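Let me begin by presenting the structure, written as structure tokens, before commenting on it.
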Amino acid sequence: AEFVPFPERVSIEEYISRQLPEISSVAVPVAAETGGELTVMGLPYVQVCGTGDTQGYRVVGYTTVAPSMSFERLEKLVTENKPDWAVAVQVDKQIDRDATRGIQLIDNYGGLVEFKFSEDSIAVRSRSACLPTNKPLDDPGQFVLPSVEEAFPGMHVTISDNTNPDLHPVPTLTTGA
């Protein structure tokens with residue numbers, strides 16, 4: 001309702017540069033509370049958004065996965081560890097078809113960070129609000145995205161075996177370096 005309107009938001013490039021690493025940090029407590037590490041499930045990407053003169057770009061961040069915890073304990077964690085930029089904490093009223101239940105962290109732009117509970121794991125995904133730019137539209141691949149080093153400053157990349165010993169091992173994040 002009182003989200004910062006589109007024109008007054010920072011540019012997609014400014015957001016990638018300065019907000020995205022802050023946003024990515026909120027996954028860390030989820031891995032810390034487990035007593036372990038995040039697995040990198042997905043890489044970040046940009047996509048087109050908006051319509052007319054409010055056309056711009058949106059940034060989906062890294063998707064990271066921590067081991068599971070009871071939903072009640074996750075809501076406790078997310079709420080108690082709530083960052084300043086988060087204007088609201090939304091909790092899904094029910095588990096959906098896939099046996100997943102979400103908690104959303106809403107920023108002042110109307111953008112989003114989602115903790116997806118499931119019995120197997122907890123996925124942390126980000127999806128910014130639509131952002132303006134002086135750059136060409138309909139070309140989301142033009143924008144450089146931060147390395148996982150930059151997105152998770154206090155962490156360093158390691159590689160662990162896949163939980164199911166099939167396919168490639170997976171990239172993991174652990175604290176330090």
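Residues are referred to by chain and number: the chain letter is A, B, ... according to the order shown in the structure tokens, the number counts from 1 in that chain, and ligands are numbered separately from 1 in the order shown.
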
Please extract the residues of segment 6-160 of chain A with a backbone DSSP assignment of strand (DSSP E or B) and present them as a PyMOL selection string.
chain A and resi 38-42+45-49+56-60+63-67+86-91+101-107+112-117+121-127+131+155-160

Write the residues of the preceding selection, restricted to N, CA and C atoms, as a short mmCIF file (atom, residue, chain, number, x, y, z; two decimals), in the first residue's frame.
```cif
data_model
loop_
_atom_site.label_atom_id
_atom_site.label_comp_id
_atom_site.auth_asym_id
_atom_site.auth_seq_id
_atom_site.Cartn_x
_atom_site.Cartn_y
_atom_site.Cartn_z
N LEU A 38 24.87 -23.95 3.70
CA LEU A 38 23.91 -23.80 2.62
C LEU A 38 24.41 -24.49 1.35
N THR A 39 23.49 -25.11 0.62
CA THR A 39 23.76 -25.64 -0.71
C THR A 39 23.21 -24.65 -1.73
N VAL A 40 23.97 -24.37 -2.79
CA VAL A 40 23.51 -23.41 -3.80
C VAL A 40 22.67 -24.14 -4.84
N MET A 41 21.36 -23.93 -4.76
CA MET A 41 20.38 -24.64 -5.59
C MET A 41 20.20 -23.97 -6.92
N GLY A 42 20.30 -22.64 -6.95
CA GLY A 42 20.07 -21.88 -8.16
C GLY A 42 20.93 -20.63 -8.21
N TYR A 45 19.45 -14.38 -11.61
CA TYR A 45 19.21 -13.95 -12.97
C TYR A 45 18.29 -12.74 -12.96
N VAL A 46 18.27 -12.03 -14.07
CA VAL A 46 17.44 -10.84 -14.23
C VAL A 46 16.34 -11.17 -15.22
N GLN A 47 15.17 -10.58 -15.04
CA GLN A 47 14.10 -10.71 -16.03
C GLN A 47 13.31 -9.42 -16.17
N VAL A 48 12.66 -9.27 -17.32
CA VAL A 48 11.88 -8.08 -17.64
C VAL A 48 10.67 -8.02 -16.71
N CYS A 49 10.18 -6.81 -16.45
CA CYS A 49 8.95 -6.62 -15.68
C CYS A 49 8.32 -5.28 -16.01
N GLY A 56 10.74 -2.18 -16.64
CA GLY A 56 12.07 -2.23 -16.06
C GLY A 56 12.61 -3.63 -15.93
N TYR A 57 13.34 -3.87 -14.85
CA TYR A 57 14.00 -5.14 -14.62
C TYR A 57 13.86 -5.58 -13.17
N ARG A 58 13.80 -6.90 -13.00
CA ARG A 58 13.62 -7.53 -11.71
C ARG A 58 14.81 -8.47 -11.50
N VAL A 59 15.25 -8.63 -10.26
CA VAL A 59 16.35 -9.54 -9.98
C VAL A 59 15.94 -10.66 -9.01
N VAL A 60 15.99 -11.89 -9.52
CA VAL A 60 15.85 -13.09 -8.71
C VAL A 60 17.25 -13.44 -8.22
N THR A 63 19.40 -19.01 -4.99
CA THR A 63 18.52 -19.88 -4.22
C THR A 63 19.43 -20.81 -3.44
N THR A 64 19.34 -20.75 -2.11
CA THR A 64 20.16 -21.61 -1.25
C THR A 64 19.29 -22.50 -0.39
N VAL A 65 19.83 -23.66 -0.02
CA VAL A 65 19.08 -24.68 0.68
C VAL A 65 19.81 -25.11 1.95
N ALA A 66 19.11 -25.04 3.08
CA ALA A 66 19.63 -25.50 4.36
C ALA A 66 18.88 -26.75 4.76
N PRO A 67 19.42 -27.53 5.71
CA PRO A 67 18.65 -28.68 6.20
C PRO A 67 17.38 -28.25 6.93
N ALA A 86 13.06 -4.87 6.28
CA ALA A 86 11.83 -5.65 6.14
C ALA A 86 10.65 -4.96 6.81
N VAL A 87 9.74 -4.42 6.00
CA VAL A 87 8.56 -3.72 6.52
C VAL A 87 7.47 -4.66 7.06
N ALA A 88 7.49 -5.93 6.64
CA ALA A 88 6.47 -6.90 7.06
C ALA A 88 6.94 -8.35 6.92
N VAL A 89 6.39 -9.22 7.76
CA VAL A 89 6.66 -10.66 7.71
C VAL A 89 5.35 -11.38 7.42
N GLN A 90 5.24 -11.97 6.24
CA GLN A 90 4.04 -12.70 5.85
C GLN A 90 4.25 -14.20 5.96
N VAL A 91 3.28 -14.89 6.57
CA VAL A 91 3.35 -16.32 6.80
C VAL A 91 2.20 -17.00 6.05
N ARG A 101 5.64 -24.77 2.54
CA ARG A 101 4.99 -23.63 3.20
C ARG A 101 5.97 -22.48 3.28
N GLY A 102 5.52 -21.30 2.88
CA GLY A 102 6.40 -20.16 2.74
C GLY A 102 6.27 -19.11 3.83
N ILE A 103 7.39 -18.47 4.15
CA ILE A 103 7.39 -17.23 4.91
C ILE A 103 8.07 -16.18 4.04
N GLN A 104 7.43 -15.03 3.90
CA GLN A 104 7.94 -13.97 3.05
C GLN A 104 8.40 -12.79 3.90
N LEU A 105 9.47 -12.15 3.44
CA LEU A 105 9.99 -10.94 4.06
C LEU A 105 9.84 -9.82 3.03
N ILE A 106 8.97 -8.86 3.31
CA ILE A 106 8.62 -7.83 2.33
C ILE A 106 9.42 -6.56 2.58
N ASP A 107 10.12 -6.09 1.54
CA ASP A 107 10.89 -4.84 1.63
C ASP A 107 10.03 -3.63 1.25
N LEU A 112 10.75 -8.93 -2.23
CA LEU A 112 10.44 -10.16 -1.52
C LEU A 112 11.68 -11.01 -1.21
N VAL A 113 11.63 -11.68 -0.07
CA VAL A 113 12.56 -12.77 0.24
C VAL A 113 11.74 -13.89 0.86
N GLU A 114 11.88 -15.10 0.33
CA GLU A 114 11.02 -16.21 0.73
C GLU A 114 11.78 -17.39 1.31
N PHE A 115 11.37 -17.81 2.50
CA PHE A 115 11.88 -19.03 3.12
C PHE A 115 10.84 -20.11 2.88
N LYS A 116 11.15 -21.07 2.01
CA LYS A 116 10.23 -22.17 1.72
C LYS A 116 10.52 -23.41 2.58
N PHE A 117 9.65 -23.65 3.55
CA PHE A 117 9.75 -24.86 4.36
C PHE A 117 9.30 -26.08 3.57
N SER A 121 14.02 -29.90 3.40
CA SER A 121 14.93 -28.76 3.50
C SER A 121 14.21 -27.41 3.59
N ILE A 122 15.00 -26.34 3.69
CA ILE A 122 14.49 -24.97 3.68
C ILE A 122 15.17 -24.15 2.59
N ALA A 123 14.40 -23.74 1.59
CA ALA A 123 14.92 -22.98 0.47
C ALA A 123 14.76 -21.49 0.72
N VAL A 124 15.83 -20.73 0.50
CA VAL A 124 15.80 -19.27 0.65
C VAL A 124 15.98 -18.64 -0.72
N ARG A 125 14.96 -17.92 -1.18
CA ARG A 125 14.92 -17.35 -2.52
C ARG A 125 14.56 -15.86 -2.42
N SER A 126 15.15 -15.05 -3.28
CA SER A 126 14.83 -13.62 -3.30
C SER A 126 14.29 -13.23 -4.66
N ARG A 127 13.43 -12.22 -4.68
CA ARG A 127 12.85 -11.72 -5.92
C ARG A 127 12.50 -10.25 -5.71
N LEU A 131 12.38 -2.74 -11.01
CA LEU A 131 13.28 -1.61 -10.85
C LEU A 131 13.49 -0.86 -12.17
N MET A 155 31.24 -15.71 3.87
CA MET A 155 31.24 -17.14 3.56
C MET A 155 32.21 -17.43 2.45
N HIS A 156 32.60 -18.70 2.33
CA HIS A 156 33.44 -19.16 1.21
C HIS A 156 32.91 -20.46 0.61
N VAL A 157 33.23 -20.67 -0.66
CA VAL A 157 32.70 -21.79 -1.43
C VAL A 157 33.47 -23.07 -1.17
N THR A 158 32.74 -24.13 -0.82
CA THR A 158 33.28 -25.48 -0.77
C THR A 158 32.39 -26.36 -1.64
N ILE A 159 32.75 -27.64 -1.78
CA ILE A 159 31.95 -28.58 -2.57
C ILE A 159 31.73 -29.87 -1.80
N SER A 160 30.47 -30.28 -1.68
CA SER A 160 30.09 -31.48 -0.94
C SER A 160 29.48 -32.49 -1.91
#
```

Hey, what's within 10 Å of residue 81 of chain A if we count only C-alpha atoms and toss same-chain stuff fewer than 6 positions away? As a list in words, please?
residues 26, 29, 30 and 75 of chain A

Kindly export the residues of the current selection with C-alpha atoms, as an mmCIF file, in the first residue's frame.
```
data_model
loop_
_atom_site.group_PDB
_atom_site.id
_atom_site.type_symbol
_atom_site.label_atom_id
_atom_site.label_comp_id
_atom_site.auth_asym_id
_atom_site.auth_seq_id
_atom_site.Cartn_x
_atom_site.Cartn_y
_atom_site.Cartn_z
ATOM 1 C CA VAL A 26 19.429 -13.476 5.655
ATOM 2 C CA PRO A 29 21.160 -17.656 10.179
ATOM 3 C CA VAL A 30 19.055 -20.514 8.731
ATOM 4 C CA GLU A 75 8.854 -18.704 11.952
#
```

Running DSSP on the backbone, which parts of segment 7-51 of chain A land in helix (DSSP H, G or I), as a PyMOL selection string?
chain A and resi 7-8+12-18+20-25+28-34

Would you write out those residues with N, CA and C atoms, as a PDB file, in the first residue's frame?
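The resulting result06.pdb:
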```pdb
ATOM      1  N   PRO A   7       9.265   4.948  -9.956  1.00  0.00           N
ATOM      2  CA  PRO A   7      10.271   5.918 -10.409  1.00  0.00           C
ATOM      3  C   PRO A   7      11.323   6.265  -9.353  1.00  0.00           C
ATOM      4  N   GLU A   8      10.930   6.249  -8.082  1.00  0.00           N
ATOM      5  CA  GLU A   8      11.806   6.670  -6.990  1.00  0.00           C
ATOM      6  C   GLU A   8      12.696   5.547  -6.457  1.00  0.00           C
ATOM      7  N   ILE A  12      18.192  -0.944 -11.243  1.00  0.00           N
ATOM      8  CA  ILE A  12      18.522  -2.369 -11.217  1.00  0.00           C
ATOM      9  C   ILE A  12      20.003  -2.616 -10.913  1.00  0.00           C
ATOM     10  N   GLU A  13      20.876  -1.814 -11.518  1.00  0.00           N
ATOM     11  CA  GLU A  13      22.319  -1.970 -11.344  1.00  0.00           C
ATOM     12  C   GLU A  13      22.763  -1.604  -9.929  1.00  0.00           C
ATOM     13  N   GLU A  14      22.159  -0.557  -9.369  1.00  0.00           N
ATOM     14  CA  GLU A  14      22.436  -0.142  -7.994  1.00  0.00           C
ATOM     15  C   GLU A  14      21.963  -1.207  -7.018  1.00  0.00           C
ATOM     16  N   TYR A  15      20.831  -1.827  -7.339  1.00  0.00           N
ATOM     17  CA  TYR A  15      20.243  -2.854  -6.489  1.00  0.00           C
ATOM     18  C   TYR A  15      21.104  -4.111  -6.481  1.00  0.00           C
ATOM     19  N   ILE A  16      21.519  -4.532  -7.671  1.00  0.00           N
ATOM     20  CA  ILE A  16      22.421  -5.672  -7.813  1.00  0.00           C
ATOM     21  C   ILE A  16      23.718  -5.432  -7.039  1.00  0.00           C
ATOM     22  N   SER A  17      24.256  -4.226  -7.182  1.00  0.00           N
ATOM     23  CA  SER A  17      25.514  -3.853  -6.546  1.00  0.00           C
ATOM     24  C   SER A  17      25.438  -3.776  -5.013  1.00  0.00           C
ATOM     25  N   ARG A  18      24.361  -3.194  -4.485  1.00  0.00           N
ATOM     26  CA  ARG A  18      24.312  -2.802  -3.067  1.00  0.00           C
ATOM     27  C   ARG A  18      23.261  -3.485  -2.183  1.00  0.00           C
ATOM     28  N   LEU A  20      21.522  -6.578  -3.136  1.00  0.00           N
ATOM     29  CA  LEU A  20      21.519  -8.032  -3.314  1.00  0.00           C
ATOM     30  C   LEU A  20      22.392  -8.767  -2.286  1.00  0.00           C
ATOM     31  N   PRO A  21      23.604  -8.258  -2.014  1.00  0.00           N
ATOM     32  CA  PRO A  21      24.426  -8.914  -0.991  1.00  0.00           C
ATOM     33  C   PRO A  21      23.838  -8.844   0.431  1.00  0.00           C
ATOM     34  N   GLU A  22      23.158  -7.745   0.751  1.00  0.00           N
ATOM     35  CA  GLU A  22      22.440  -7.625   2.028  1.00  0.00           C
ATOM     36  C   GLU A  22      21.308  -8.647   2.123  1.00  0.00           C
ATOM     37  N   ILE A  23      20.485  -8.688   1.078  1.00  0.00           N
ATOM     38  CA  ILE A  23      19.387  -9.644   0.960  1.00  0.00           C
ATOM     39  C   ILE A  23      19.859 -11.085   1.138  1.00  0.00           C
ATOM     40  N   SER A  24      20.941 -11.439   0.454  1.00  0.00           N
ATOM     41  CA  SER A  24      21.483 -12.796   0.505  1.00  0.00           C
ATOM     42  C   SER A  24      21.928 -13.202   1.922  1.00  0.00           C
ATOM     43  N   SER A  25      22.319 -12.222   2.733  1.00  0.00           N
ATOM     44  CA  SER A  25      22.799 -12.486   4.095  1.00  0.00           C
ATOM     45  C   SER A  25      21.769 -13.169   5.012  1.00  0.00           C
ATOM     46  N   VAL A  28      21.905 -16.923   5.961  1.00  0.00           N
ATOM     47  CA  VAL A  28      22.985 -17.416   6.822  1.00  0.00           C
ATOM     48  C   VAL A  28      22.490 -17.939   8.179  1.00  0.00           C
ATOM     49  N   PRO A  29      21.684 -17.145   8.910  1.00  0.00           N
ATOM     50  CA  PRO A  29      21.160 -17.656  10.179  1.00  0.00           C
ATOM     51  C   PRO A  29      20.450 -19.012  10.066  1.00  0.00           C
ATOM     52  N   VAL A  30      19.780 -19.256   8.941  1.00  0.00           N
ATOM     53  CA  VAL A  30      19.055 -20.514   8.731  1.00  0.00           C
ATOM     54  C   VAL A  30      20.022 -21.701   8.693  1.00  0.00           C
ATOM     55  N   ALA A  31      21.175 -21.509   8.058  1.00  0.00           N
ATOM     56  CA  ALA A  31      22.227 -22.527   8.047  1.00  0.00           C
ATOM     57  C   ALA A  31      22.946 -22.587   9.394  1.00  0.00           C
ATOM     58  N   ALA A  32      23.122 -21.426  10.024  1.00  0.00           N
ATOM     59  CA  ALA A  32      23.772 -21.350  11.334  1.00  0.00           C
ATOM     60  C   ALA A  32      22.948 -22.057  12.413  1.00  0.00           C
ATOM     61  N   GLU A  33      21.637 -21.813  12.412  1.00  0.00           N
ATOM     62  CA  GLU A  33      20.715 -22.417  13.380  1.00  0.00           C
ATOM     63  C   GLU A  33      20.640 -23.933  13.217  1.00  0.00           C
ATOM     64  N   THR A  34      20.791 -24.404  11.983  1.00  0.00           N
ATOM     65  CA  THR A  34      20.902 -25.832  11.718  1.00  0.00           C
ATOM     66  C   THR A  34      22.153 -26.405  12.358  1.00  0.00           C
TER      67      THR A  34
END
```

Please determine, counting only C-alpha atoms, which residue among A:120, A:27, A:44, A:128 has the shortest atom-to-atom distance to residue 83 of chain A.
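Among the listed residues, A:27 lies closest to residue 83 of chain A.
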